[PDB]
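First up is the structure itself, then whatever we jot down about it.
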Amino acid sequence: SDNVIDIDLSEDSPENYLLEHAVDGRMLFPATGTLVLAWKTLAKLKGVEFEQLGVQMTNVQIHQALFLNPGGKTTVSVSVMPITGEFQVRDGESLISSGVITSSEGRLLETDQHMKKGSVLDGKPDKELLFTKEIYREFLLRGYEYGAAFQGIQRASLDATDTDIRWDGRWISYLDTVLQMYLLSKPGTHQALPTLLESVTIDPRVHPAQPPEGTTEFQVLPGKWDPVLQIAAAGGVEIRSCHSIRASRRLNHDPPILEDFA
Amino acid sequence: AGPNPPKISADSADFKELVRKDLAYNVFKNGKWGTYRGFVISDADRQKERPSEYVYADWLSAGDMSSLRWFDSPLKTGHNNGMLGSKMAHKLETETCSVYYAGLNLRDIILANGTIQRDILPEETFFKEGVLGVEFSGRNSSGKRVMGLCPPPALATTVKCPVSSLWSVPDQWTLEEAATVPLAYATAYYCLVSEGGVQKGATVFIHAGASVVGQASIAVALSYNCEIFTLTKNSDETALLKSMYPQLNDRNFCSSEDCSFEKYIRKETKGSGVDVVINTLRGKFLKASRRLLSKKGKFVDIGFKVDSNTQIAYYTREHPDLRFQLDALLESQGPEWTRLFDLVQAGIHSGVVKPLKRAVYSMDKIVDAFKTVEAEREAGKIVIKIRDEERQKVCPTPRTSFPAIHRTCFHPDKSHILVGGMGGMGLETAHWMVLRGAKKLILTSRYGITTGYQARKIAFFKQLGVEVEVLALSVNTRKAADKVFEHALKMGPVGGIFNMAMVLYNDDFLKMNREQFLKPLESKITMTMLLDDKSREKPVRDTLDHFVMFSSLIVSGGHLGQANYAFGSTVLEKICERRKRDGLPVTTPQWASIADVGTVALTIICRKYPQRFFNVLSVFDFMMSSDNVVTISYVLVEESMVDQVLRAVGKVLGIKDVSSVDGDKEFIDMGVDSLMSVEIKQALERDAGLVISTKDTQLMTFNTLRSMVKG
Amino acid sequence: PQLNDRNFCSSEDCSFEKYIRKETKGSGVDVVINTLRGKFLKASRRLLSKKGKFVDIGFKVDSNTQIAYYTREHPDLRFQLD
Ligand SMILES: NC(=O)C1=CN([C@@H]2O[C@H](COP(=O)(O)OP(=O)(O)OC[C@H]3O[C@@H](n4cnc5c(N)ncnc54)[C@H](OP(=O)(O)O)[C@@H]3O)[C@@H](O)[C@H]2O)C=CC1
Ligand SMILES: *P(=O)(O)OCC(C)(C)[C@@H](O)C(=O)NCCC(=O)NCCSC(C)=O
């Protein structure tokens, strides 16, 4: 009924990076993807620019998975109720997301992480730091195939607490890199697909503006995972109490052949 | 070589014959000329069932109730898997029992058919081998006949039941009857006497009166002299309940087909309502049941298929989640549990607790038993008969074997050496061993912990309760080998030696000096002989249980520039066959390109695709439980609109040839969890105009799909 | 006199949840006598222990909460002494 979004997954579309996010060969729409769609829809309803709007989503259920069609086009029909804030992303007669989105003009951020300037991960040895190669070896072994646009975390501690998330302008990818601090906070071997983010605040007025066009040395925003409150915060974003559902692992190749050298 | 060994020397006789044949590979073994060849192991053998003393029921594919099989139980090692993390905080005293009958509840069916993931269960069961079965009835270690509840898996042949959860079977019930009592009546007392606080003369409303928990709830309430209202599906259930409990008239029965009971219960109680509501139905029946509550009434909701809003309530502490409380109590076994233990124990003596109806299913009919519970076409308990009860009342359990599928397990009291295990496949293999039982690892390297990824996982293991010792020692001298095993016997008996070391130097054979040649020959020859020698001498020889030597396909496929690595890798493959001649344990995986971990991790070499590590460990589990020495494992790389969508839909299910499989076999029969169905559902719209329901997906054949796209 | 400065928090902002959870070593509070509304009510419920009890005696309940009382979803304890 309200704003209909067309995700163009073509060769040179600006949203071609959305294909660099797959789970064992399944190219799914990011769980934080629906957060941006709902966030942008509220701004369009209000008439303000989505980057000047401070939102707060509550109880964001990812009801069902959206399989992006490579080299094609997918349509969603985001719908936000004017005063209550009930938002809903849907495709035809199938529900894909739900929750409540609210805007405000005051402080929406609980943790005081939007004030941190540099990075605690300075001067530490190489054996007390994780780098981009090693962080995404942990994710890959669990089935999360991240590409180059979703590989935001540049550094971290062995505790997974402190990070060096990268800010490069794209919002669907940045909100995912903040949700990766949650995934690497629960070491394991199974594959979990997030299905409920209880609270998300994206106050952009305390968040660095979009990089000047043509930039290549994108800056890094310090982030932190709060094991007490279960809050993943980095810059002007927080995700609190995100739950996931285990999923069986799919073999992308064909079954191996076992022989007996005799 | 036989009594007449060949005499191949220049102008010899046996040699001249070889030259005439002119064969590129001549090996004299077992007294005959031949060739080393890789013979394909059929795919049917990976699931071949062999006799095993201790077995337990699990699922091959999660969410499929037709994939339940019997696997080997680590209880052959005495202990049980999942002794990591929280499970190490409760030092419960346990009694090892031999299970004779295993009870089947709706909790097991819910987990088996994918309605709930194992992560909803108590955190102490996160690393358990399986999550199926809680109640049982068998014989303890002393021969006494016992029954009780234990953390899963109780659907096995041996359990380690806490001594505070074990009742004694009265000398009137057969072991078959005792298998129905524990959980049904333990939950009835929890719902009524522990959570509902029932009082004498109170009015209680019980949903699904014919269910096993429903029947138990009625018996407890009647003992409390309550006014009972129950929901019965059909007249057969109503008649059955009346026969079991003569105190029930036709006035105490309603219908679960519609929410018309509300007026009946609200008129017969004169508007006071019902004091306790044991709720299993959902939707509008849940709302109507709440509205019947008295002013002090309690609502106990034990349904499993909760909605989304009420699932949020559980997360945000709005409501208490009581559908997995018996499981949680059994982990802690604290004051709350002992109250239920006393209540049920009292009930047995006072005659309230009486065996329910039963339906015995053999072990091999586990799949049929699970389907019977799920359908709920008839009332009664479903119990799997594991053994046959002896005529005596106190006698030892005869030692017998059951057919089961392989499952590698490692002794928790034995130390395992992982030479070169701090890298690539070693760290993700040590993780596998920890999950499967290993709790004592000695990882060895030339330098030590030198990267942040290593330090993170070594810290992860130590957190889980594993004792990891990292030695920076290369075993290239008998002195070093003694030191490594000295640090091993000080942790525990040495029960495994894995060599996953590699030092590659790649160059054309002609351009390699002596030093450069023997670089990959230290971790594959010099080591493997020093580790082999130690395993051949006591005390390791008696204790040693696994001896694994990882190798590569260069032994059977060859490669260019890696003449040295080929030489060493083959000698490792022959040192692991001398061990077989002498009867010692030995295993030598012969891998191909592998993904996600190591050398390849940093694609297609010799046309062979890299394997996913979660498969490397699936076949590796097969490799350890096998009789052969070397098992080669590698992966090789691979119209009308009606056939277009069929291929895509078949590809989702994991079928390579859609035409090969039967056209009359439903999708659920092959296996369609919860994500394959949505992918098909969105694909039948993306590819064609069809729009189908998710539930319709699992009950539709390939022929139906073909006949539907044409329409 | 028994109470010390450690036993007090501030009602102005929802920073007590962090402090209480840290001071209780993650076990949570066994009983909550709740009068505040909105984000303070949710935060108080999240401090509840596994057995913890939530007693809500506030009078100015929200419309959704009031419907819960009518539906028998929750008990209404604000006029129970009466
Ligand atoms: N990776 C693959 O795709 C394939 C693997 N394999 C086999 O599987 C294993 C792969 O392990 P991978 O981690 O991938 O190889 P890597 O090169 O990734 O790391 C191997 C480890 O070997 C250790 N190592 C080497 N020499 C010694 C030594 N003398 N003493 C102690 N430790 C030593 C190194 O530790 P440090 O660096 O600290 O000395 C290194 O961490 C090897 O055994 C290999 O033969 C078989 C076929 C292909
Ligand atoms: P059935 O038990 O009904 O299955 C429910 C499923 C299909 C799992 C549904 O809840 C679902 O698909 N949820 C996942 C939503 C999702 O993909 N979120 C994360 C985006 S992908 C990522 C982490 O890579």
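Quick note on naming: the chains in the structure tokens go A, B, ... in the order shown, residues restart at 1 in each chain, and ligands are numbered from 1 in order of appearance.
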**Item:** Spatial neighbours of residue 132 (chain A), max dist 10 Å, only C-alpha atoms, sep filter under 5 positions, as a PyMOL selection string
**Value:** chain A and resi 137+151-156+164
Write out, as a compact mmCIF listing (two decimals), in the first residue's frame, the residues just selected, with C-alpha atoms.
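Produced file result_32.txt, reproduced below:
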```txt
# COMPACT_ATOMS: atom_id res chain seq x y z
CA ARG A 137 37.41 -17.26 8.97
CA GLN A 151 33.47 -7.32 5.76
CA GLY A 152 33.42 -4.25 7.97
CA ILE A 153 35.16 -5.23 11.21
CA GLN A 154 38.82 -4.36 10.64
CA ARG A 155 40.16 -5.34 14.08
CA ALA A 156 38.95 -6.79 17.36
CA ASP A 164 37.10 -1.23 14.63
```
Counting only C-alpha atoms and all ligand atoms, which residues of chain B sit at most 9 Å from some atom of ligand 1, and what is each one's closest atom pair with its distance in Å to one decimal, listed by chain and rising residue number, as a Markdown table?
```
| residue | atom | partner | partner_atom_place_in_ligand_line | distance |
| --- | --- | --- | --- | --- |
| B:419 | CA | ligand 1 | 31 (C) | 5.8 |
| B:420 | CA | ligand 1 | 32 (N) | 3.5 |
| B:421 | CA | ligand 1 | 21 (C) | 6.4 |
| B:422 | CA | ligand 1 | 41 (O) | 5.1 |
| B:423 | CA | ligand 1 | 41 (O) | 3.5 |
| B:424 | CA | ligand 1 | 13 (O) | 3.2 |
| B:425 | CA | ligand 1 | 13 (O) | 4.8 |
| B:426 | CA | ligand 1 | 13 (O) | 6.0 |
| B:427 | CA | ligand 1 | 13 (O) | 8.1 |
| B:443 | CA | ligand 1 | 32 (N) | 8.6 |
| B:444 | CA | ligand 1 | 31 (C) | 5.4 |
| B:445 | CA | ligand 1 | 32 (N) | 3.6 |
| B:446 | CA | ligand 1 | 39 (O) | 4.0 |
| B:447 | CA | ligand 1 | 38 (O) | 5.1 |
| B:448 | CA | ligand 1 | 38 (O) | 5.7 |
| B:449 | CA | ligand 1 | 38 (O) | 7.1 |
| B:450 | CA | ligand 1 | 38 (O) | 7.0 |
| B:471 | CA | ligand 1 | 31 (C) | 9.0 |
| B:472 | CA | ligand 1 | 31 (C) | 7.5 |
| B:473 | CA | ligand 1 | 30 (N) | 6.4 |
| B:474 | CA | ligand 1 | 30 (N) | 3.9 |
| B:475 | CA | ligand 1 | 30 (N) | 6.1 |
| B:476 | CA | ligand 1 | 29 (N) | 7.2 |
| B:499 | CA | ligand 1 | 43 (O) | 6.3 |
| B:500 | CA | ligand 1 | 43 (O) | 3.3 |
| B:501 | CA | ligand 1 | 22 (O) | 3.5 |
| B:502 | CA | ligand 1 | 25 (C) | 4.4 |
| B:503 | CA | ligand 1 | 25 (C) | 5.0 |
| B:504 | CA | ligand 1 | 17 (O) | 7.4 |
| B:520 | CA | ligand 1 | 26 (N) | 7.9 |
| B:522 | CA | ligand 1 | 29 (N) | 6.1 |
| B:523 | CA | ligand 1 | 29 (N) | 5.1 |
| B:524 | CA | ligand 1 | 45 (O) | 8.1 |
| B:527 | CA | ligand 1 | 29 (N) | 7.7 |
| B:549 | CA | ligand 1 | 43 (O) | 7.4 |
| B:550 | CA | ligand 1 | 43 (O) | 4.8 |
| B:551 | CA | ligand 1 | 45 (O) | 4.7 |
| B:552 | CA | ligand 1 | 47 (C) | 3.8 |
| B:553 | CA | ligand 1 | 47 (C) | 6.4 |
| B:554 | CA | ligand 1 | 47 (C) | 8.2 |
| B:569 | CA | ligand 1 | 45 (O) | 7.6 |
| B:589 | CA | ligand 1 | 46 (C) | 8.1 |
| B:590 | CA | ligand 1 | 46 (C) | 6.5 |
| B:591 | CA | ligand 1 | 47 (C) | 4.5 |
| B:592 | CA | ligand 1 | 47 (C) | 5.0 |
| B:593 | CA | ligand 1 | 3 (O) | 4.5 |
| B:594 | CA | ligand 1 | 3 (O) | 3.9 |
| B:595 | CA | ligand 1 | 3 (O) | 6.4 |
| B:596 | CA | ligand 1 | 3 (O) | 8.8 |
| B:597 | CA | ligand 1 | 14 (O) | 6.3 |
| B:598 | CA | ligand 1 | 14 (O) | 3.7 |
| B:599 | CA | ligand 1 | 1 (N) | 4.3 |
| B:600 | CA | ligand 1 | 3 (O) | 5.3 |
| B:601 | CA | ligand 1 | 3 (O) | 7.6 |
| B:602 | CA | ligand 1 | 18 (O) | 8.4 |
| B:610 | CA | ligand 1 | 3 (O) | 7.6 |
| B:611 | CA | ligand 1 | 3 (O) | 8.4 |
```
query = Taking only C-alpha atoms into account, which residues of chain C are within 8 Å of chain A, as a PyMOL selection string?
reply = chain C and resi 18+21-22
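Remark: for ligand 2, the closest of the candidate residues A:72, A:118, A:204, A:143 is A:143 (distances computed over only C-alpha atoms and all ligand atoms).
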If we count only C-alpha atoms, what is near region 98-108 of chain A at a cut-off of 10 Å, once residues fewer than 5 positions away on the same chain are taken out, given as a ChimeraX atom specification? /A:34-35,38-39,42-43,46,53-63,78-90,196-203,206,236-238
Legend entry - All residues having an atom within 10 Å of ligand 2 (only C-alpha atoms and all ligand atoms) as a VMD selection string: (chain A and resid 21 to 24 26 to 34 61 to 67 96 to 97 143 to 146 176 179 to 180 183 191 to 196 244 to 248) or (chain B and resid 63 113 to 117 673 to 679 694 to 695)
Near chain C, which residues of chain B fall within 10 Å when you count only C-alpha atoms, and what do they look like as a PyMOL selection string?
chain B and resi 287-297+299+315-320
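Shortest separation to chain B among A:172, A:158, A:239, A:233 occurs at residue A:158, atoms counted being only C-alpha atoms.
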As a PDB file with N, CA and C atoms, in the first residue's frame, list the residues of region 9-82 of chain C assigned to strand (DSSP E) by DSSP on the backbone atoms of this structure.
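Written file, out30.pdb:
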```pdb
ATOM      1  N   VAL C  29      17.009  -9.820  40.598  1.00  0.00           N
ATOM      2  CA  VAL C  29      16.312  -9.492  41.836  1.00  0.00           C
ATOM      3  C   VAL C  29      15.142 -10.447  42.014  1.00  0.00           C
ATOM      4  N   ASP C  30      14.925 -10.886  43.255  1.00  0.00           N
ATOM      5  CA  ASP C  30      13.918 -11.910  43.516  1.00  0.00           C
ATOM      6  C   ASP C  30      12.508 -11.332  43.491  1.00  0.00           C
ATOM      7  N   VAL C  31      12.336 -10.100  43.961  1.00  0.00           N
ATOM      8  CA  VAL C  31      11.035  -9.441  43.984  1.00  0.00           C
ATOM      9  C   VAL C  31      11.207  -8.014  43.493  1.00  0.00           C
ATOM     10  N   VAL C  32      10.228  -7.531  42.733  1.00  0.00           N
ATOM     11  CA  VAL C  32      10.219  -6.165  42.223  1.00  0.00           C
ATOM     12  C   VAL C  32       8.894  -5.533  42.620  1.00  0.00           C
ATOM     13  N   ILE C  33       8.956  -4.482  43.430  1.00  0.00           N
ATOM     14  CA  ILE C  33       7.793  -3.653  43.721  1.00  0.00           C
ATOM     15  C   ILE C  33       7.848  -2.469  42.763  1.00  0.00           C
ATOM     16  N   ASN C  34       7.061  -2.532  41.695  1.00  0.00           N
ATOM     17  CA  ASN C  34       7.182  -1.605  40.580  1.00  0.00           C
ATOM     18  C   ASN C  34       6.062  -0.576  40.622  1.00  0.00           C
ATOM     19  N   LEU C  48      14.466  -9.373  36.615  1.00  0.00           N
ATOM     20  CA  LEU C  48      13.829 -10.456  37.349  1.00  0.00           C
ATOM     21  C   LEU C  48      14.666 -11.723  37.274  1.00  0.00           C
ATOM     22  N   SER C  49      14.824 -12.391  38.416  1.00  0.00           N
ATOM     23  CA  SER C  49      15.557 -13.648  38.464  1.00  0.00           C
ATOM     24  C   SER C  49      14.727 -14.752  37.824  1.00  0.00           C
ATOM     25  N   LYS C  50      15.246 -15.980  37.825  1.00  0.00           N
ATOM     26  CA  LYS C  50      14.523 -17.078  37.194  1.00  0.00           C
ATOM     27  C   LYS C  50      13.203 -17.342  37.908  1.00  0.00           C
ATOM     28  N   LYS C  51      13.214 -17.302  39.238  1.00  0.00           N
ATOM     29  CA  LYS C  51      12.003 -17.387  40.043  1.00  0.00           C
ATOM     30  C   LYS C  51      11.365 -16.028  40.281  1.00  0.00           C
ATOM     31  N   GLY C  52      12.075 -14.944  39.981  1.00  0.00           N
ATOM     32  CA  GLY C  52      11.679 -13.611  40.388  1.00  0.00           C
ATOM     33  C   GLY C  52      10.214 -13.285  40.202  1.00  0.00           C
ATOM     34  N   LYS C  53       9.686 -12.443  41.086  1.00  0.00           N
ATOM     35  CA  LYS C  53       8.296 -12.019  41.066  1.00  0.00           C
ATOM     36  C   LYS C  53       8.218 -10.533  40.751  1.00  0.00           C
ATOM     37  N   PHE C  54       7.216 -10.151  39.967  1.00  0.00           N
ATOM     38  CA  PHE C  54       7.009  -8.763  39.565  1.00  0.00           C
ATOM     39  C   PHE C  54       5.682  -8.295  40.152  1.00  0.00           C
ATOM     40  N   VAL C  55       5.752  -7.409  41.140  1.00  0.00           N
ATOM     41  CA  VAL C  55       4.573  -6.816  41.758  1.00  0.00           C
ATOM     42  C   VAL C  55       4.445  -5.409  41.191  1.00  0.00           C
ATOM     43  N   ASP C  56       3.357  -5.157  40.472  1.00  0.00           N
ATOM     44  CA  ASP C  56       3.122  -3.865  39.843  1.00  0.00           C
ATOM     45  C   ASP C  56       1.957  -3.177  40.542  1.00  0.00           C
TER      46      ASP C  56
END
```
task: Pick out the residues sitting within 9 Å of residue 174 (chain A), and hand them over as a VMD selection string; count only C-alpha atoms, and ignore anything fewer than 5 positions along from it in its own chain.
output: chain A and resid 150 152 165 to 169 179
Distance limit 8 Å, atoms considered: only C-alpha atoms. Which chain A residues sit that close to chain B? Return them as a ChimeraX atom specification.
/A:59,64-65,67,126-131,134-135,137,140-141,158-159,187,245-246,248,251,253-262
Would you list, as a compact mmCIF listing (two decimals) with N, CA and C atoms, in the first residue's frame, the residues of region 137-250 of chain B that end up in alpha helix (DSSP H) under DSSP run on this structure's backbone?
```
# COMPACT_ATOMS: atom_id res chain seq x y z
N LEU B 175 8.39 -53.94 34.30
CA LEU B 175 9.21 -52.83 33.81
C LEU B 175 8.52 -52.10 32.67
N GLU B 176 7.64 -52.79 31.94
CA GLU B 176 6.88 -52.13 30.89
C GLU B 176 5.93 -51.08 31.46
N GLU B 177 5.22 -51.42 32.54
CA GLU B 177 4.27 -50.48 33.12
C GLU B 177 4.97 -49.29 33.76
N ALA B 178 6.10 -49.52 34.43
CA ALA B 178 6.80 -48.43 35.10
C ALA B 178 7.31 -47.39 34.12
N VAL B 181 4.85 -44.12 34.01
CA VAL B 181 4.49 -43.34 35.20
C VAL B 181 5.32 -42.07 35.33
N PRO B 182 6.66 -42.14 35.33
CA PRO B 182 7.46 -41.02 35.86
C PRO B 182 7.11 -39.64 35.32
N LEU B 183 7.19 -39.43 34.01
CA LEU B 183 7.01 -38.08 33.47
C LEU B 183 5.55 -37.66 33.52
N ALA B 184 4.63 -38.57 33.19
CA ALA B 184 3.22 -38.21 33.13
C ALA B 184 2.74 -37.69 34.48
N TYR B 185 3.14 -38.36 35.56
CA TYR B 185 2.70 -37.95 36.89
C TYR B 185 3.59 -36.88 37.49
N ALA B 186 4.86 -36.80 37.07
CA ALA B 186 5.72 -35.73 37.54
C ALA B 186 5.25 -34.38 37.02
N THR B 187 4.77 -34.34 35.77
CA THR B 187 4.24 -33.09 35.22
C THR B 187 2.87 -32.77 35.79
N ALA B 188 2.07 -33.80 36.08
CA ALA B 188 0.75 -33.57 36.67
C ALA B 188 0.87 -32.90 38.03
N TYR B 189 1.82 -33.35 38.85
CA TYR B 189 2.00 -32.74 40.17
C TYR B 189 2.58 -31.34 40.06
N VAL B 212 -1.47 -38.37 27.81
CA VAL B 212 -0.80 -39.03 28.93
C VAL B 212 -0.66 -38.07 30.10
N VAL B 213 -0.28 -36.82 29.83
CA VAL B 213 -0.24 -35.82 30.89
C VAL B 213 -1.66 -35.47 31.33
N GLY B 214 -2.61 -35.53 30.40
CA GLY B 214 -4.00 -35.28 30.77
C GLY B 214 -4.55 -36.33 31.71
N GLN B 215 -4.28 -37.61 31.41
CA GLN B 215 -4.72 -38.68 32.29
C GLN B 215 -4.08 -38.57 33.67
N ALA B 216 -2.78 -38.24 33.71
CA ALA B 216 -2.10 -38.08 34.99
C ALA B 216 -2.67 -36.91 35.77
N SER B 217 -3.01 -35.82 35.07
CA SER B 217 -3.56 -34.65 35.75
C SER B 217 -4.89 -34.98 36.43
N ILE B 218 -5.73 -35.77 35.77
CA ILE B 218 -7.02 -36.13 36.36
C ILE B 218 -6.82 -36.95 37.63
N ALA B 219 -5.91 -37.93 37.58
CA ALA B 219 -5.72 -38.81 38.73
C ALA B 219 -5.26 -38.02 39.95
N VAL B 220 -4.33 -37.08 39.76
CA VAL B 220 -3.85 -36.27 40.87
C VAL B 220 -4.99 -35.41 41.42
N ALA B 221 -5.75 -34.78 40.52
CA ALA B 221 -6.82 -33.89 40.96
C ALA B 221 -7.91 -34.66 41.70
N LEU B 222 -8.28 -35.84 41.20
CA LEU B 222 -9.27 -36.65 41.90
C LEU B 222 -8.78 -37.02 43.30
N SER B 223 -7.50 -37.37 43.42
CA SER B 223 -6.94 -37.63 44.74
C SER B 223 -7.07 -36.42 45.65
N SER B 235 -15.90 -39.36 21.10
CA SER B 235 -16.57 -40.17 22.11
C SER B 235 -15.71 -41.33 22.59
N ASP B 236 -14.79 -41.82 21.77
CA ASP B 236 -13.90 -42.89 22.22
C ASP B 236 -13.04 -42.43 23.39
N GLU B 237 -12.51 -41.21 23.31
CA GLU B 237 -11.72 -40.67 24.42
C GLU B 237 -12.58 -40.49 25.66
N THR B 238 -13.80 -39.99 25.49
CA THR B 238 -14.69 -39.81 26.64
C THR B 238 -14.99 -41.14 27.30
N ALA B 239 -15.29 -42.17 26.50
CA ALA B 239 -15.55 -43.49 27.06
C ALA B 239 -14.32 -44.04 27.77
N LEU B 240 -13.14 -43.87 27.17
CA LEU B 240 -11.92 -44.38 27.77
C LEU B 240 -11.69 -43.76 29.15
N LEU B 241 -11.81 -42.43 29.24
CA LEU B 241 -11.57 -41.76 30.51
C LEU B 241 -12.56 -42.22 31.57
N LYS B 242 -13.83 -42.38 31.19
CA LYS B 242 -14.83 -42.83 32.15
C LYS B 242 -14.48 -44.21 32.70
N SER B 243 -14.01 -45.11 31.84
CA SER B 243 -13.63 -46.44 32.30
C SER B 243 -12.46 -46.38 33.27
N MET B 244 -11.45 -45.56 32.97
CA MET B 244 -10.28 -45.48 33.84
C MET B 244 -10.64 -44.88 35.19
```
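In this model, the gap between CA of residue 141 (chain B) and CA of residue 125 (chain B) comes to 24.2 Å.
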Who sits within 9 Å of residue 161 (chain A), only C-alpha atoms, same chain under 3 positions skipped, as a short mmCIF file (atom, residue, chain, number, x, y, z; two decimals) with N, CA and C atoms, in the first residue's frame:
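For reference, selection_30.cif as written:
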```
data_model
loop_
_atom_site.label_atom_id
_atom_site.label_comp_id
_atom_site.auth_asym_id
_atom_site.auth_seq_id
_atom_site.Cartn_x
_atom_site.Cartn_y
_atom_site.Cartn_z
N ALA A 156 39.72 -6.45 16.17
CA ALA A 156 38.95 -6.79 17.36
C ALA A 156 39.90 -7.39 18.38
N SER A 157 39.40 -7.56 19.60
CA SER A 157 40.16 -8.22 20.65
C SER A 157 39.78 -9.70 20.72
N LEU A 158 40.62 -10.47 21.38
CA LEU A 158 40.33 -11.89 21.56
C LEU A 158 39.05 -12.12 22.33
N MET A 181 29.08 -8.24 15.49
CA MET A 181 29.61 -8.28 16.85
C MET A 181 28.79 -9.20 17.73
N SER A 185 30.18 -13.05 19.23
CA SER A 185 30.15 -13.09 20.68
C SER A 185 29.66 -14.43 21.21
N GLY A 223 33.59 0.26 18.07
CA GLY A 223 32.38 -0.39 18.52
C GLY A 223 32.66 -1.23 19.76
N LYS A 224 31.58 -1.69 20.38
CA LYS A 224 31.72 -2.48 21.59
C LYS A 224 30.46 -3.32 21.79
N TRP A 225 30.66 -4.53 22.31
CA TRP A 225 29.58 -5.44 22.67
C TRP A 225 29.46 -5.48 24.18
N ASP A 226 28.26 -5.18 24.69
CA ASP A 226 28.02 -5.15 26.12
C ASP A 226 27.45 -6.49 26.56
N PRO A 227 28.25 -7.41 27.10
CA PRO A 227 27.70 -8.71 27.50
C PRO A 227 26.65 -8.62 28.59
#
```
Q | Within 10 Å of residue 493 (chain B) using only C-alpha atoms, minus same-chain residues under 6 positions, as a ChimeraX atom specification | A | /B:411,413-416,440,485,539-540,542-544
